[PDB]
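Novice: Pasting in a structure now, in structure tokens, and then I'll have a few things to ask.
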Amino acid sequence: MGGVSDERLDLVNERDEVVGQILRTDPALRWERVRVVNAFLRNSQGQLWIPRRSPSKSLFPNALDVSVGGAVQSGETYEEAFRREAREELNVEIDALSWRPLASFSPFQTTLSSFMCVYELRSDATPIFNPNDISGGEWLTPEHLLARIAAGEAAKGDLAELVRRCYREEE
């Protein structure tokens, strides 16, 4: 009774016995330790796209926010999820340019809304209607990026050093 839709989460036993049908819009679930797909979009060896604007509405600081962040359909294959996202943004299909899991944001050092992964995709495409996770940051440079996190964006200390040594240095 129905069909596809704006992303849906179907819970099935193992074969094809859907135990429960949870919707992304449905608040029935408790969003906190859910699964999410996050990634940083960079290209041209210098074009780093990431949110810079400060949240005047909300009342909670943060280190940094990824570029492309969405939800995982059903929940089982992170590749399929991220793929659909990268395909809808620029039909990249995460199999034309080059992508690699930079890390995983969730534990605490990152502090996000839920358990999301971090993948580095080589490209320069704008996001879509998503003002919940990240409406879409801006395209800054390497000097401005490091200069921002160092200035005062709650992305300093071990956090900044970790990225500075990971990006610049190879250790």
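If you're wondering about the labels, chains in the structure tokens are A, B, ... by order shown, residues count from 1 in each chain, ligands from 1 in order shown.
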Write down as JSON, numbers by chain the residues of chain A whose backbone DSSP state falls under alpha helix (DSSP H).

Specialist: {"A": [78, 79, 80, 81, 82, 83, 84, 85, 86, 87, 88, 89, 90, 142, 143, 144, 145, 146, 147, 148, 149, 150, 151, 152, 157, 158, 159, 160, 161, 162, 163, 164, 165, 166, 167]}

Novice: Would you put the residues from that selection into a file with C-alpha atoms, as an mmCIF file, in the first residue's frame?

Specialist:
```
data_model
loop_
_atom_site.group_PDB
_atom_site.id
_atom_site.type_symbol
_atom_site.label_atom_id
_atom_site.label_comp_id
_atom_site.auth_asym_id
_atom_site.auth_seq_id
_atom_site.Cartn_x
_atom_site.Cartn_y
_atom_site.Cartn_z
ATOM 1 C CA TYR A 78 26.076 3.616 4.076
ATOM 2 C CA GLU A 79 27.399 3.460 0.513
ATOM 3 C CA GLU A 80 23.942 3.261 -1.063
ATOM 4 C CA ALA A 81 22.760 6.166 1.090
ATOM 5 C CA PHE A 82 25.695 8.501 0.444
ATOM 6 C CA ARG A 83 25.604 7.481 -3.220
ATOM 7 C CA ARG A 84 22.019 8.666 -3.681
ATOM 8 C CA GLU A 85 22.982 11.931 -1.985
ATOM 9 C CA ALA A 86 26.022 12.531 -4.180
ATOM 10 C CA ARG A 87 23.971 11.535 -7.228
ATOM 11 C CA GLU A 88 21.181 14.016 -6.487
ATOM 12 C CA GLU A 89 23.642 16.864 -5.904
ATOM 13 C CA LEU A 90 25.740 16.469 -9.059
ATOM 14 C CA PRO A 142 42.580 26.751 2.907
ATOM 15 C CA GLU A 143 43.942 29.910 4.519
ATOM 16 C CA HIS A 144 40.468 31.089 5.521
ATOM 17 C CA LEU A 145 39.415 27.650 6.761
ATOM 18 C CA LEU A 146 42.342 27.162 9.140
ATOM 19 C CA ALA A 147 42.216 30.874 9.954
ATOM 20 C CA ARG A 148 38.574 30.532 10.998
ATOM 21 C CA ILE A 149 38.834 27.440 13.203
ATOM 22 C CA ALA A 150 41.894 29.045 14.793
ATOM 23 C CA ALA A 151 40.190 32.406 15.290
ATOM 24 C CA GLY A 152 37.241 31.321 17.410
ATOM 25 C CA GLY A 157 42.884 22.985 20.520
ATOM 26 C CA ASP A 158 43.445 19.290 19.850
ATOM 27 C CA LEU A 159 40.671 19.521 17.258
ATOM 28 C CA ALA A 160 42.433 22.128 15.120
ATOM 29 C CA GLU A 161 45.820 20.455 15.580
ATOM 30 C CA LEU A 162 44.351 17.088 14.577
ATOM 31 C CA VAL A 163 43.047 18.513 11.301
ATOM 32 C CA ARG A 164 46.122 20.668 10.691
ATOM 33 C CA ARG A 165 48.383 17.627 11.008
ATOM 34 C CA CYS A 166 46.015 15.391 9.041
ATOM 35 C CA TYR A 167 45.506 17.794 6.141
#
```

Novice: Considering only C-alpha atoms, can you say which of A:141, A:130, A:56, A:38 comes closest to residue 104 (chain A)?

Specialist: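 Among the listed residues, A:38 lies closest to residue 104 (chain A).
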
Novice: Which residue out of A:71, A:34, A:118, A:64 has the minimum interatomic distance to residue 99 (chain A) when only C-alpha atoms are used?

Specialist: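 Among A:71, A:34, A:118, A:64, it is A:118 that comes nearest to residue 99 (chain A).
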
Novice: Can you pull out every residue within 10 Å of region 46-53 of chain A, counting only C-alpha atoms, but drop anything in the same chain fewer than 2 positions away, and send it as a PyMOL selection string?

Specialist: chain A and resi 40-44+55-56+64-68+122-126+134-145+148-149+153

Novice: With C-alpha atoms retained, export the selected residues as a PDB file, in the first residue's frame.

Specialist:
```pdb
ATOM      1  CA  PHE A  40      33.321  17.150   3.400  1.00  0.00           C
ATOM      2  CA  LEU A  41      33.290  18.465  -0.167  1.00  0.00           C
ATOM      3  CA  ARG A  42      36.612  19.751  -1.493  1.00  0.00           C
ATOM      4  CA  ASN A  43      38.202  20.105  -4.931  1.00  0.00           C
ATOM      5  CA  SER A  44      40.586  22.120  -7.108  1.00  0.00           C
ATOM      6  CA  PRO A  55      23.672  30.141  14.679  1.00  0.00           C
ATOM      7  CA  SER A  56      21.987  33.194  16.196  1.00  0.00           C
ATOM      8  CA  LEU A  64      32.685  22.589  12.538  1.00  0.00           C
ATOM      9  CA  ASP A  65      29.974  21.174  10.275  1.00  0.00           C
ATOM     10  CA  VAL A  66      30.442  18.915   7.256  1.00  0.00           C
ATOM     11  CA  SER A  67      29.369  19.867   3.734  1.00  0.00           C
ATOM     12  CA  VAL A  68      27.016  17.118   2.576  1.00  0.00           C
ATOM     13  CA  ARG A 122      36.374  15.293  -4.435  1.00  0.00           C
ATOM     14  CA  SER A 123      33.953  17.726  -6.079  1.00  0.00           C
ATOM     15  CA  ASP A 124      32.265  21.130  -5.907  1.00  0.00           C
ATOM     16  CA  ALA A 125      28.472  20.860  -5.767  1.00  0.00           C
ATOM     17  CA  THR A 126      25.926  22.741  -3.657  1.00  0.00           C
ATOM     18  CA  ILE A 134      23.153  21.690   7.247  1.00  0.00           C
ATOM     19  CA  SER A 135      21.324  24.007   4.840  1.00  0.00           C
ATOM     20  CA  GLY A 136      24.663  24.513   3.113  1.00  0.00           C
ATOM     21  CA  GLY A 137      27.796  26.330   4.208  1.00  0.00           C
ATOM     22  CA  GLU A 138      30.075  28.424   1.999  1.00  0.00           C
ATOM     23  CA  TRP A 139      33.105  27.931  -0.249  1.00  0.00           C
ATOM     24  CA  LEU A 140      36.199  29.226   1.534  1.00  0.00           C
ATOM     25  CA  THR A 141      39.940  28.778   0.983  1.00  0.00           C
ATOM     26  CA  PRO A 142      42.580  26.751   2.907  1.00  0.00           C
ATOM     27  CA  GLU A 143      43.942  29.910   4.519  1.00  0.00           C
ATOM     28  CA  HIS A 144      40.468  31.089   5.521  1.00  0.00           C
ATOM     29  CA  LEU A 145      39.415  27.650   6.761  1.00  0.00           C
ATOM     30  CA  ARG A 148      38.574  30.532  10.998  1.00  0.00           C
ATOM     31  CA  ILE A 149      38.834  27.440  13.203  1.00  0.00           C
ATOM     32  CA  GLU A 153      34.881  28.693  16.010  1.00  0.00           C
TER      33      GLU A 153
END
```

Novice: Kindly indicate which residue among A:17, A:10, A:95, A:26 lies nearest to residue 76 (chain A), using only C-alpha atoms for the distances.

Specialist: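 Using only C-alpha atoms, residue 76 (chain A) sits closest to A:10.
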
Novice: Between A:101, A:70, A:20, A:107, which has the minimum distance to residue 120 (chain A) (counting only C-alpha atoms)?

Specialist: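 Comparing A:101, A:70, A:20, A:107 against residue 120 (chain A), the winner is A:101.
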
Novice: Name the residues of region 54-165 of chain A that fall into strand (DSSP E) according to DSSP on the backbone, using the chain letters and numbers of this document, as a list in words.

Specialist: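 Restricting region 54-165 of chain A to strand (DSSP E) produces residues 68, 69, 70, 71, 99, 100, 101, 102, 103, 104, 105, 115, 116, 117, 118, 119, 120, 121, 122, 138, 139 and 140 of chain A.
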
Novice: Take the residues from that selection and put them in a file with C-alpha atoms, as a compact mmCIF listing (two decimals), in the first residue's frame.

Specialist:
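After the write, selection37.txt holds the following:
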```txt
# COMPACT_ATOMS: atom_id res chain seq x y z
CA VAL A 68 27.02 17.12 2.58
CA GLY A 69 24.90 15.54 5.30
CA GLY A 70 21.82 13.38 4.90
CA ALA A 71 19.93 10.37 6.25
CA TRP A 99 35.79 9.46 -2.16
CA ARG A 100 37.26 8.06 1.06
CA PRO A 101 36.07 7.85 4.71
CA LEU A 102 38.10 10.54 6.46
CA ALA A 103 36.71 9.48 9.85
CA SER A 104 33.59 9.15 12.00
CA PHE A 105 31.90 11.97 13.91
CA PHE A 115 25.91 9.25 14.89
CA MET A 116 27.22 10.34 11.49
CA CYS A 117 30.22 9.32 9.38
CA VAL A 118 32.74 11.59 7.65
CA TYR A 119 33.72 10.97 4.03
CA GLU A 120 35.94 13.12 1.80
CA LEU A 121 34.45 13.54 -1.67
CA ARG A 122 36.37 15.29 -4.43
CA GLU A 138 30.07 28.42 2.00
CA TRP A 139 33.11 27.93 -0.25
CA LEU A 140 36.20 29.23 1.53
```

Novice: Rank nothing, just name the residue among A:94, A:12, A:7, A:110 nearest to residue 61 (chain A), using only C-alpha atoms.

Specialist: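 Among A:94, A:12, A:7, A:110, it is A:110 that comes nearest to residue 61 (chain A).
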
Novice: Please indicate the distance in Å from CA of residue 60 (chain A) to CA of residue 23 (chain A), rounded to one decimal place.

Specialist: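 CA of residue 23 (chain A) lies at a distance of 26.9 Å from CA of residue 60 (chain A).
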
Novice: Using CA of residue 18 (chain A) and CA of residue 37 (chain A) as the two end points, give the distance in Å to one decimal.

Specialist: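 If I compute the distance from CA of residue 18 (chain A) to CA of residue 37 (chain A), I get 23.2 Å.
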